[PDB]
Amino acid sequence: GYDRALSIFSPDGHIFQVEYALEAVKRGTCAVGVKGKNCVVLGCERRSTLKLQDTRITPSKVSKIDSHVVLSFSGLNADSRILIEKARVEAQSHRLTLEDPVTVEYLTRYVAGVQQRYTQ
Amino acid sequence: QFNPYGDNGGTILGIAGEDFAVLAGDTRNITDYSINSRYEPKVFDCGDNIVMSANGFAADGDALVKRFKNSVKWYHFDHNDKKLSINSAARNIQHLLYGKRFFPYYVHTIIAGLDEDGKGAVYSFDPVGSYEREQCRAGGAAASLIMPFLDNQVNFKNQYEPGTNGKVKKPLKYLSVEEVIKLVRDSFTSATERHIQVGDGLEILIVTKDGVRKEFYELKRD
Amino acid sequence: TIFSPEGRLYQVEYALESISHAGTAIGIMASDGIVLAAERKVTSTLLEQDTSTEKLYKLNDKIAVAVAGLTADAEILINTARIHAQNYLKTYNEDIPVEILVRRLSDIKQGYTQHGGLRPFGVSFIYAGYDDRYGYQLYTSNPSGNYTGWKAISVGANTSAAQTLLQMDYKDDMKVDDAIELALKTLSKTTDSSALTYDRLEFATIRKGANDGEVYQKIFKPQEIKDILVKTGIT
Amino acid sequence: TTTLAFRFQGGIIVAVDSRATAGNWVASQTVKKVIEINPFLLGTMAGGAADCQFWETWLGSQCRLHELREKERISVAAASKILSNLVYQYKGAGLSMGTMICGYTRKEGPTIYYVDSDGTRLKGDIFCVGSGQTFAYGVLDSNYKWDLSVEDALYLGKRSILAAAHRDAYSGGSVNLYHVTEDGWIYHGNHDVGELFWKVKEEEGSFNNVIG
Amino acid sequence: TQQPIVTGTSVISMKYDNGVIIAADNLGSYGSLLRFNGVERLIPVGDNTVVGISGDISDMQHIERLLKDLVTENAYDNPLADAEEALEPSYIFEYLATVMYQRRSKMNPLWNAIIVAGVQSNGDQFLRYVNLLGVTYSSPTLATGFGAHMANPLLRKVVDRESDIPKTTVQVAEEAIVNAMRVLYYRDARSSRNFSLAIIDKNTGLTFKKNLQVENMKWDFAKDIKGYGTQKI
Amino acid sequence: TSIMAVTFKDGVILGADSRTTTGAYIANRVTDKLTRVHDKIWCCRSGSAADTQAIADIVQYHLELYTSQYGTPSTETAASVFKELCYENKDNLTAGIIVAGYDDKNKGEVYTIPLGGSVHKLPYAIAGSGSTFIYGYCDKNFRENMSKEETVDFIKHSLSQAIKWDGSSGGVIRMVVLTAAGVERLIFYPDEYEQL
Amino acid sequence: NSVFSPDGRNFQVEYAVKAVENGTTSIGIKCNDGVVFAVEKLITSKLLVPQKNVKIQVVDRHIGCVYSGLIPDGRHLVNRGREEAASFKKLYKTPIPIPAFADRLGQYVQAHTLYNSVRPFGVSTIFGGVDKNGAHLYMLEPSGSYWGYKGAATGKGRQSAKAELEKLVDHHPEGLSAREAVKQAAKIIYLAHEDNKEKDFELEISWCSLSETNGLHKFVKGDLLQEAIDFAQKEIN
Amino acid sequence: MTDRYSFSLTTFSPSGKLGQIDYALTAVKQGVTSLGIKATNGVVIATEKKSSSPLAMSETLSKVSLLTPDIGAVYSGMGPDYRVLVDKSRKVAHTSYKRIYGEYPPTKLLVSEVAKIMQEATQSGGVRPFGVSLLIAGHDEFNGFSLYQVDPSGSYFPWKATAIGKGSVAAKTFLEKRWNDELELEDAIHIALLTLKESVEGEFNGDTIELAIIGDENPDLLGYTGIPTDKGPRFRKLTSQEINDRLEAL
Amino acid sequence: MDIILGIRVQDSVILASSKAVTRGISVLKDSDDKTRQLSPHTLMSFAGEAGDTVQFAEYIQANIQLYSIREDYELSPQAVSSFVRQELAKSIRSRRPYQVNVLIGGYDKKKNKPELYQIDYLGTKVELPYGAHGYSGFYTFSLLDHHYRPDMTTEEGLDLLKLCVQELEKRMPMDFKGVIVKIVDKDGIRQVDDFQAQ
Ligand SMILES: Cc1ccccc1CNC(=O)[C@H](CCc1ccccc1)NC(=O)[C@@H](NC(=O)c1ccc(OCc2ccccc2)cc1)[C@@H](C)O
């Protein structure tokens, strides 16, 4: 198969593909998270290329991973689906083998793990 | 059909003392009712002051000893020439054996040496890698003739102080190397008398904090 | 499949660019059905319009697509979408929900965007479908693997002109017949031909099939487009 | 083999014999059938010595790895399920083991899981496992009470192993005793059946089946 | 998993003061049909080693081939191929023992019993056995098949233990071997009158004797033997 | 089956009966068991018809490819190819092949490959169920350097005895003559050979 | 490499040839019942153990190989040669004919000019032996091309060596003897050292002759080597 | 050894073009003109047999090929590409259809399958698109007669009549003028022979022209009798002789 | 032998599963729950081979739960059962098939019906007013053939089971240590946790 290295170092020690990924994030709509005393709140926005949309059926930006943890994102929507799917599977697999739902930190470490792996 | 196993007879004996251990075995190698060799040694110095014997199916025994010797060699390479302690050998051997859980080495393995406090140590393994440290252990054809003797004469089991009526066990002493070799040679003459697969010669290996010493005694050749 | 300094996907942008030259397809969603309309790219008198299909494809019995882009790239994706629907039906003895099939197709597209070093598909789809969880649904997917839902949408050539006109004349309480009419109106004005003739068109509706409480898919015959073109004052 | 583990007011009692056999041959009387996984987790062993020994030593490694990964000791539920899942991967290949995973955590309190090579995994208050299980159950069930004092419970476990050691040809050697609390397992000694039988007989006035 | 088809019977061997002797008959049996009569079952390798093979002949022919290209391979980029880096009896054995044991461990054995007889470059006698199971042993005398049961008893009368080896001469040893071959011809239904015999001496090298025959046979007493019990005529 | 190959002064002759049985039924009474793998390299087949036919086809193939790359193969080379196939696949084969061929340097040669896959070069060779009955006869009558008309006689007599005693043998006797001359085919009918 | 240049040639192969032209000079000489191989060994330093850095290689028991260019490439080729010889022997029983062996290396070498992912071999290889019908000498270029030769040379001194060989051929239509070709090889190696003489050299010779070696490849050691080194020294003073 | 170009050689350029597909179409432009005409009871595909030296045997070159007993192909562009596409197309008619359903595929579906093969060369790693355009003429019980064009991209479309290759522009016009939906087969042959006369420079006879029809079933071209429910193949190659006879009355 | 019963009344489905777990000569547990919740309105009961039983159930549960979170939607009992069937049907022809029989009881909120599905280890699925796996069916089927009515209340359904259990406690050779009873209706799954000493 195909395995030509895409994410590589530049002379100044930067991985330009990872760098341009951040540029795509700063390109996407805004997301904000703030945690309270007994809560955490997530907030997003929507763009304006067109406005003849049907919003019953278009994907919301906050995704349920398990019944007790949610994931929001900025950047490429298509990419985010792949992370959300994988995160959702892991959450079920954790319940199946540890007999306990994921901790928020564990789920994060998993998703960050997947992202890291796609850099090398 | 083809049977991948054989039985080459053959009996081994490990005894641990205070600052030494002995591993001994007969030198006779057999097939059914035939003698293949009268002097084929099966107790080996493996380096790092460890002696090893894998008794039973000789082909499997050899394969195992070969691999442990190689294991010792690579341990030196990978771990800065570190001395492989007897307990660490024991464990490594469990893994060797268990790797073949579904096509086992047909052998009873005994290893001897000194623990990290300089005490004499004997470990024994079944064909699939279950192991225990012990004060002494017999292996192979005549194990069943020998072990009870050892329980009686090495661990003083069923022996009481005369006159205590039956209320005080004979005190558990440590044995000297001269005392231990007497038990070994007697255990083996007894076994030669009563088991057809034991005879010809006895090779004892003694391990102390000045290396490995070797001794050989004749056994009845019939 | 690589990033630009700005954070865009080179081949994806160029794929979209490719699509921007393809014959226009339109999807319009009504209270009681969905309309699909597509224009064929500069044709000829001798081009067989009878046994012809190229822009409108049936996915299962409750879902159809409109195609903008490379026909052959699209047939690859149509066929695997047809299979995904059938696996779903075999597994669950229920038809595939419209969104789920759309997500799967969009996930395949996304793949060619992240790994493999193969070129993305030069295709955009308009999905028209019905299911009993959301009813009538209109979706759009493009080479980036992105999908969104629509009341009315256009893909291919002249989507800017198209979108202005639909945004102007579309209203939530429309019937299918008005939607059919709006579809033709829009195409009439966006065409790069003199006029809009019947042989340059493909047309399909997903209705509640008059009387039954059931869902019907109609791919309009050459004669039926010629008819629907007359009563709307285009002859 | 006879192994047992029960739950009571004062935590968990775990008791085991120490006999290893091959056929009718008594291989060893001084064998360790309890594995110490961490200061809070115990594993018992019945069936094939190698199988139990190998896979429970392995269990310890998986449990240690969980501590490093998650910074927190593993639940009994999850340690039991690591073994039970592994053993299921091997179903049909002839592994032979019947084990109990015992411990305390804060989330679960004192917990016992039975795990065998059939794939069976069970949470429960009372288990006896091994070729002497029925003999242990006999004594254990007819004297068990939740309110037993730590001292009484230790005796009952010990006495139930003795029962099996005596009647089951394939059990014997000595009793190894453990008590598990919030503070962790505490070893309660090795009790040679040679001495323990007679002591118990004379003191308790039981074993009237026994000549002189 | 297989069965020996064309087979060849005992190989016998012993060591004496200056070397080793190995012998084997020239028969290849096919069950009880004494089918082939010119089969050489002693395989010389260099001028210090002879490899006697019993059991399945097709496997023997495989092992022949392996030994020949083992010699080829050893010569490759080997300027000392005919001196210090010449193939040793011990190297040839350990190679075969490896193979045999791998082949059993794969449940597809070479259905043979093999004796490797030779002299080490330092002058030491080499004599070692390996068979289909990968079992290996060494002894002043070695034999396979019927040789184990009949020849060993006779040969051990000459060399019972290690210390007997500087006391045994080439003449005494060859005679013991030749007599054993006679006995085997008397009592082994799968044996043959014609045999080969090789001596490997630290002084003389390889003497390879082909086409030997069993001589001085006793049959005369047969004439007086009538009936199976009471019959007089 | 009765098959034989015999070297003589001018080359070699292959002979065989023509009977194939399944059980006691004769499936074919006019079988041709003499098989060409090369111009002057022929063989005889015994054991499983399936197996021996498949093997002879692969050998024919290998020898054809051999010729195109390296000139005519020797008879020994052909035997080696047969042996490689028979030995390496011994477990799934029941194949007893006799290979015979004429070469300019080596004149007539005969190789027998029995069940296991061992090879044996011989002055002559006999195989098949029929051959047990003619071991004594053949050993008592074979001479080295026989003439063509003598070798034909020897094969004819031997095979007729084989045919007389073995139920699995019968029909006509086929021969192939392999010399410098060329390749000659021969047939002899029951009325001819039963009289001997 | 998988690239033709516009003239029809293959520029990667072309450059491989440069690597060869840049190497030590080695030769082959066919004689009436065998072949003789010889090679120049540059003495980099006094510290080289003499006789102990052998360049000529045997294939099977009857083929000799010597090469000029990138030495590791040559060793790779001989390794392949040896598998090719074993594979042939295993299947066909007979040892491999030299023409057959030539094509085996030919095809393998040629394969490395087919794909852009591989580079061609940086050696020209001279090889041959005695088979079932005669002696054969071959030379094979980085392109895969090979032919039979009466005499062959490759390396830095190939022109001067080729000239010498041409002289022998023309002045010995009745064929040369194995004993003679050994001495002549020694002469020819001395006479290609002229075009490489800033460093000192060691001579190495092997031969394969039906009468002199029983058709087996063998090295020319001791007396016979010294006799050749003498003959060569004589015809330079 | 091994393939080391596992990426697409056809990629989108900034303007949205796929260059390698365009360049394949330019290759098709230089190709010798070929055409198809659909009648009410037949289809005709025809092309020129451009010889290179009269030493070449033009009959041995099949430019018009049978794909199934009822389907045929002809091409413009790169002959060697067409030849491998023909072999793949025949095999796929079997693997994808006949071995499953016990009958040959209808035209649209075989055309779809060829299109798939061409498309895959447009997207797979380490390949260039096919440098041919095909005209595929077939008949099946449920769709009757049809004519399709398949291009390097994998796009295909149905035609009443068309031409591809060198004189395609000129010939498409010539056909537009001459095509009506009432033509008998012999009329379409006549029109095809006329259209093909405009392309050729040199000789114009039955040995420089290859022409095939999809018409009625030919029982004598079947090879066997006794199963009344197949009357033979609908594909027929017109013989050199038969082309000439329609030329004298041209 | 392992009692797995299911009875579908008018507004609900009722599952009863035996509580004993017995290896060899010993009853190891008298309170085992032979059931997994697949969704808020779908419950599965299982009996069969020692290991496979719980692994399969949990594997099914994780898959349904996964689907739930992915679509924010609860699959119908009919859809769940077809999944379960297909899984078993693949399994039967693999290297080591799951030897697990199941009953799936759910309430279909869209149709407002209760639904009972019987599926054996071979992947044989059927919808039934009442079902059983193993030996228990040889008694209960005919008992329910008599006493069962299609339009019964949940309370009447619990009396029908009391009869079924009684009959099995009288005529089955083995002591299955009573049953756990669970009702699946429009609200969901609850446990009637007082059935043995009732
Ligand atoms: C729980 C446990 C954990 C630690 C210590 C004791 C025990 C109790 N447990 C036993 O005492 C079992 C009971 C018998 C039992 C055995 C296995 C399953 C269930 C019950 N004994 C053994 O495991 C002994 N080994 C053996 O019995 C054998 C193991 C492997 C053998 O290999 C045979 C072989 C070799 C080659 C090919 C085929 C077979 C032979 C004997 C060992 C104390 O030396």
# chains A, B, ... in the order shown; residues from 1 in each chain; ligands from 1
>>> select_by_dssp(residues="stretch 15-199 of chain E", states="strand (DSSP E)", output="ChimeraX atom specification")
/E:15-16,19-25,28-30,33-36,42-45,49-56,112-119,125-131,136-137,141-143,194-199
>>> closest_atom_pairs(of="chain I", to="chain D", cutoff="10 Å", atoms="only C-alpha atoms", output="JSON lines")
{"residue": "I:21", "atom": "CA", "partner": "D:122", "partner_atom": "CA", "distance": 9.2}
{"residue": "I:23", "atom": "CA", "partner": "D:120", "partner_atom": "CA", "distance": 9.6}
{"residue": "I:25", "atom": "CA", "partner": "D:134", "partner_atom": "CA", "distance": 8.0}
{"residue": "I:26", "atom": "CA", "partner": "D:134", "partner_atom": "CA", "distance": 7.1}
{"residue": "I:28", "atom": "CA", "partner": "D:127", "partner_atom": "CA", "distance": 7.0}
{"residue": "I:29", "atom": "CA", "partner": "D:124", "partner_atom": "CA", "distance": 7.4}
{"residue": "I:30", "atom": "CA", "partner": "D:124", "partner_atom": "CA", "distance": 9.8}
{"residue": "I:31", "atom": "CA", "partner": "D:124", "partner_atom": "CA", "distance": 9.1}
{"residue": "I:32", "atom": "CA", "partner": "D:122", "partner_atom": "CA", "distance": 8.4}
{"residue": "I:49", "atom": "CA", "partner": "D:118", "partner_atom": "CA", "distance": 8.7}
{"residue": "I:50", "atom": "CA", "partner": "D:120", "partner_atom": "CA", "distance": 5.8}
{"residue": "I:51", "atom": "CA", "partner": "D:119", "partner_atom": "CA", "distance": 3.9}
{"residue": "I:52", "atom": "CA", "partner": "D:119", "partner_atom": "CA", "distance": 7.2}
{"residue": "I:53", "atom": "CA", "partner": "D:120", "partner_atom": "CA", "distance": 8.8}
{"residue": "I:54", "atom": "CA", "partner": "D:120", "partner_atom": "CA", "distance": 8.2}
{"residue": "I:55", "atom": "CA", "partner": "D:119", "partner_atom": "CA", "distance": 8.5}
{"residue": "I:96", "atom": "CA", "partner": "D:92", "partner_atom": "CA", "distance": 8.5}
>>> write_last_selection(atoms="N, CA and C atoms", output="mmCIF file, in the first residue's frame")
data_model
loop_
_atom_site.group_PDB
_atom_site.id
_atom_site.type_symbol
_atom_site.label_atom_id
_atom_site.label_comp_id
_atom_site.auth_asym_id
_atom_site.auth_seq_id
_atom_site.Cartn_x
_atom_site.Cartn_y
_atom_site.Cartn_z
ATOM 1 N N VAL I 21 -26.903 -21.427 39.295
ATOM 2 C CA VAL I 21 -25.758 -21.703 38.449
ATOM 3 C C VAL I 21 -25.044 -22.897 39.066
ATOM 4 N N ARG I 23 -22.187 -25.915 38.470
ATOM 5 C CA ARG I 23 -21.119 -26.647 37.827
ATOM 6 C C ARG I 23 -20.935 -27.990 38.535
ATOM 7 N N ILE I 25 -21.337 -31.072 40.556
ATOM 8 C CA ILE I 25 -22.029 -31.609 41.730
ATOM 9 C C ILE I 25 -22.473 -30.489 42.711
ATOM 10 N N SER I 26 -22.150 -29.238 42.381
ATOM 11 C CA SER I 26 -22.443 -28.100 43.255
ATOM 12 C C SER I 26 -23.304 -27.011 42.613
ATOM 13 N N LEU I 28 -23.471 -23.297 42.702
ATOM 14 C CA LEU I 28 -22.523 -22.250 43.067
ATOM 15 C C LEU I 28 -23.195 -20.914 43.402
ATOM 16 N N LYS I 29 -24.386 -20.702 42.848
ATOM 17 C CA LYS I 29 -25.114 -19.460 43.038
ATOM 18 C C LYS I 29 -26.601 -19.729 42.941
ATOM 19 N N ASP I 30 -27.372 -19.071 43.801
ATOM 20 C CA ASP I 30 -28.827 -19.243 43.828
ATOM 21 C C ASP I 30 -29.572 -17.953 43.467
ATOM 22 N N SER I 31 -28.843 -16.981 42.922
ATOM 23 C CA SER I 31 -29.371 -15.631 42.700
ATOM 24 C C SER I 31 -28.849 -14.980 41.417
ATOM 25 N N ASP I 32 -28.425 -15.809 40.467
ATOM 26 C CA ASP I 32 -27.931 -15.342 39.184
ATOM 27 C C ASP I 32 -29.048 -14.705 38.363
ATOM 28 N N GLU I 49 -24.376 -22.644 27.058
ATOM 29 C CA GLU I 49 -23.049 -23.101 27.429
ATOM 30 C C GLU I 49 -22.325 -22.109 28.356
ATOM 31 N N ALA I 50 -21.760 -22.646 29.439
ATOM 32 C CA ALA I 50 -21.106 -21.896 30.524
ATOM 33 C C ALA I 50 -20.417 -20.567 30.182
ATOM 34 N N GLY I 51 -19.483 -20.559 29.251
ATOM 35 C CA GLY I 51 -18.774 -19.304 29.006
ATOM 36 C C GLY I 51 -19.500 -18.362 28.066
ATOM 37 N N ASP I 52 -19.941 -18.923 26.941
ATOM 38 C CA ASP I 52 -20.506 -18.181 25.820
ATOM 39 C C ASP I 52 -21.697 -17.336 26.215
ATOM 40 N N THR I 53 -22.468 -17.859 27.151
ATOM 41 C CA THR I 53 -23.726 -17.273 27.575
ATOM 42 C C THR I 53 -23.608 -15.752 27.875
ATOM 43 N N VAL I 54 -22.730 -15.372 28.798
ATOM 44 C CA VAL I 54 -22.615 -13.972 29.222
ATOM 45 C C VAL I 54 -21.822 -13.116 28.219
ATOM 46 N N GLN I 55 -20.809 -13.710 27.586
ATOM 47 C CA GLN I 55 -19.980 -13.014 26.592
ATOM 48 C C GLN I 55 -20.809 -12.562 25.405
ATOM 49 N N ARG I 96 -15.750 -21.945 16.167
ATOM 50 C CA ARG I 96 -16.359 -22.352 17.442
ATOM 51 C C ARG I 96 -17.625 -21.540 17.749
#
>>> residues_around(residues="residue H:91", least_positions_apart="5", cutoff="12 Å", atoms="only C-alpha atoms", output="number ranges by chain")
H: 67-68, 84-86, 96-99, 104-105, 110, 113-114, 117
>>> residues_around(residues="stretch 103-115 of chain F", least_positions_apart="3", cutoff="10 Å", atoms="only C-alpha atoms", output="count of residues only")
59
>>> closest_atom_pairs(of="chain C", to="chain H", cutoff="8 Å", atoms="only C-alpha atoms", output="Markdown table")
| residue | atom | partner | partner_atom | distance |
| --- | --- | --- | --- | --- |
| C:11 | CA | H:12 | CA | 6.1 |
| C:14 | CA | H:16 | CA | 5.0 |
| C:15 | CA | H:16 | CA | 6.1 |
| C:16 | CA | H:16 | CA | 7.6 |
| C:17 | CA | H:16 | CA | 5.0 |
| C:18 | CA | H:16 | CA | 4.0 |
| C:19 | CA | H:16 | CA | 7.8 |
| C:45 | CA | H:176 | CA | 7.1 |
| C:46 | CA | H:160 | CA | 5.1 |
| C:47 | CA | H:159 | CA | 4.5 |
| C:48 | CA | H:159 | CA | 4.7 |
| C:49 | CA | H:158 | CA | 7.6 |
| C:51 | CA | H:158 | CA | 7.1 |
| C:52 | CA | H:158 | CA | 6.3 |
| C:54 | CA | H:157 | CA | 7.8 |
| C:70 | CA | H:155 | CA | 7.4 |
| C:71 | CA | H:155 | CA | 5.7 |
| C:72 | CA | H:154 | CA | 5.2 |
| C:73 | CA | H:119 | CA | 7.0 |
| C:76 | CA | H:116 | CA | 7.6 |
| C:116 | CA | H:7 | CA | 7.4 |
| C:117 | CA | H:7 | CA | 4.9 |
| C:118 | CA | H:8 | CA | 5.0 |
| C:119 | CA | H:11 | CA | 5.9 |
>>> residues_around(residues="stretch 91-104 of chain B", least_positions_apart="2", cutoff="8 Å", atoms="only C-alpha atoms", output="ChimeraX atom specification")
/B:64,68,87-89,106,125,127-131 /D:50,54,93
>>> write_last_selection(atoms="C-alpha atoms", output="PDB file, in the first residue's frame")
ATOM      1  CA  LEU B  64      15.225 -27.153  26.673  1.00  0.00           C
ATOM      2  CA  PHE B  68      18.109 -22.002  28.642  1.00  0.00           C
ATOM      3  CA  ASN B  87      14.840 -17.251  41.015  1.00  0.00           C
ATOM      4  CA  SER B  88      15.117 -15.314  37.767  1.00  0.00           C
ATOM      5  CA  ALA B  89      16.241 -18.466  35.970  1.00  0.00           C
ATOM      6  CA  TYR B 106       8.059 -34.167  27.912  1.00  0.00           C
ATOM      7  CA  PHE B 125       9.085 -27.791  37.139  1.00  0.00           C
ATOM      8  CA  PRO B 127       6.317 -30.495  31.779  1.00  0.00           C
ATOM      9  CA  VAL B 128       4.231 -27.334  31.322  1.00  0.00           C
ATOM     10  CA  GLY B 129       6.083 -24.890  33.592  1.00  0.00           C
ATOM     11  CA  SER B 130       4.519 -25.096  37.031  1.00  0.00           C
ATOM     12  CA  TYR B 131       7.340 -24.586  39.526  1.00  0.00           C
TER      13      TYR B 131
ATOM     14  CA  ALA D  50       0.804 -24.350  35.430  1.00  0.00           C
ATOM     15  CA  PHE D  54       1.114 -18.760  34.677  1.00  0.00           C
ATOM     16  CA  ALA D  93      -7.807 -25.636  23.960  1.00  0.00           C
TER      17      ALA D  93
END
>>> residues_near_ligand(ligand="ligand 1", cutoff="7 Å", atoms="only C-alpha atoms and all ligand atoms", output="list in words")
residues 103, 104, 105, 106, 126, 127, 128 and 130 of chain B; 1, 18, 19, 20, 21, 22, 23, 27, 31, 32, 33, 45, 46, 47, 48, 49, 50, 52, 53, 96 and 97 of chain D
>>> select_by_dssp(residues="stretch 102-190 of chain I", states="helix (DSSP H, G or I)", output="list in words")
residues 137, 138, 139, 140, 141, 142, 143, 144, 145, 146, 147, 154, 155, 156, 157, 158, 159, 160, 161, 162, 163, 164, 165, 166, 167, 168, 169, 170 and 171 of chain I
>>> closest_atom_pairs(of="chain B", to="chain E", cutoff="9 Å", atoms="only C-alpha atoms", output="CSV")
residue,atom,partner,partner_atom,distance
B:1,CA,E:1,CA,6.5
B:2,CA,E:1,CA,5.5
B:3,CA,E:133,CA,8.5
B:4,CA,E:133,CA,6.1
B:5,CA,E:133,CA,7.0
B:6,CA,E:133,CA,7.7
B:8,CA,E:135,CA,8.8
B:29,CA,E:137,CA,7.8
B:34,CA,E:149,CA,7.2
B:35,CA,E:148,CA,8.5
B:36,CA,E:137,CA,6.9
B:37,CA,E:139,CA,5.2
B:38,CA,E:139,CA,7.1
B:39,CA,E:139,CA,7.0
B:40,CA,E:137,CA,6.5
B:57,CA,E:135,CA,8.1
B:58,CA,E:135,CA,6.0
B:59,CA,E:135,CA,4.4
B:60,CA,E:135,CA,8.2
B:62,CA,E:135,CA,8.6
B:63,CA,E:101,CA,8.7
B:103,CA,E:105,CA,8.8
>>> residues_around(residues="residue D:135", least_positions_apart="6", cutoff="10 Å", atoms="only C-alpha atoms", output="ChimeraX atom specification")
/D:2,128,160-168
>>> closest_residue(among="D:34, D:61, D:25, D:83", to="chain A", atoms="only C-alpha atoms")
D:83
>>> closest_atom_pairs(of="chain I", to="chain C", cutoff="7 Å", atoms="only C-alpha atoms", output="Markdown table")
| residue | atom | partner | partner_atom | distance |
| --- | --- | --- | --- | --- |
| I:79 | CA | C:92 | CA | 4.6 |
| I:82 | CA | C:92 | CA | 5.1 |
| I:83 | CA | C:91 | CA | 5.5 |
| I:86 | CA | C:91 | CA | 6.5 |
>>> write_last_selection(atoms="N, CA and C atoms", output="JSON list (two decimals), in the first residue's frame")
[["chain", "number", "residue", "atom", "x", "y", "z"],
["I", 79, "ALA", "N", -36.00, -4.93, 15.12],
["I", 79, "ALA", "CA", -34.69, -4.65, 14.58],
["I", 79, "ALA", "C", -33.59, -5.26, 15.46],
["I", 82, "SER", "N", -33.49, -9.12, 14.85],
["I", 82, "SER", "CA", -32.89, -9.47, 13.56],
["I", 82, "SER", "C", -31.36, -9.38, 13.61],
["I", 83, "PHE", "N", -30.85, -8.38, 14.34],
["I", 83, "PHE", "CA", -29.42, -8.24, 14.57],
["I", 83, "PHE", "C", -28.93, -9.48, 15.31],
["I", 86, "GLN", "N", -28.95, -12.60, 13.14],
["I", 86, "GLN", "CA", -27.89, -12.61, 12.14],
["I", 86, "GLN", "C", -26.57, -12.95, 12.78]]
>>> interface_residues(of="chain A", to="chain D", cutoff="7 Å", atoms="only C-alpha atoms", output="ChimeraX atom specification")
/A:97-99
>>> write_last_selection(atoms="N, CA, C and O atoms", output="compact mmCIF listing (two decimals), in the first residue's frame")
# COMPACT_ATOMS: atom_id res chain seq x y z
N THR A 97 -15.27 -4.12 29.24
CA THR A 97 -14.11 -4.78 29.83
C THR A 97 -13.74 -4.28 31.22
O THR A 97 -13.20 -5.05 32.02
N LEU A 98 -14.02 -3.01 31.51
CA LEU A 98 -13.76 -2.47 32.85
C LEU A 98 -15.01 -2.44 33.73
O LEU A 98 -14.92 -2.17 34.93
N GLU A 99 -16.17 -2.71 33.14
CA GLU A 99 -17.48 -2.62 33.81
C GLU A 99 -17.77 -1.25 34.46
O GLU A 99 -18.41 -1.15 35.51
>>> closest_atom_pairs(of="chain G", to="chain F", cutoff="8 Å", atoms="only C-alpha atoms", output="JSON lines")
{"residue": "G:91", "atom": "CA", "partner": "F:81", "partner_atom": "CA", "distance": 6.0}
{"residue": "G:92", "atom": "CA", "partner": "F:77", "partner_atom": "CA", "distance": 4.9}
{"residue": "G:93", "atom": "CA", "partner": "F:77", "partner_atom": "CA", "distance": 5.9}
{"residue": "G:94", "atom": "CA", "partner": "F:77", "partner_atom": "CA", "distance": 6.9}
{"residue": "G:100", "atom": "CA", "partner": "F:70", "partner_atom": "CA", "distance": 6.4}
>>> residues_around(residues="residue C:233", least_positions_apart="4", cutoff="12 Å", atoms="only C-alpha atoms", output="number ranges by chain")
C: 181, 184-185, 188, 196, 226-229
>>> closest_residue(among="A:29, A:103, A:119, A:49", to="residue A:73", atoms="only C-alpha atoms")
A:29
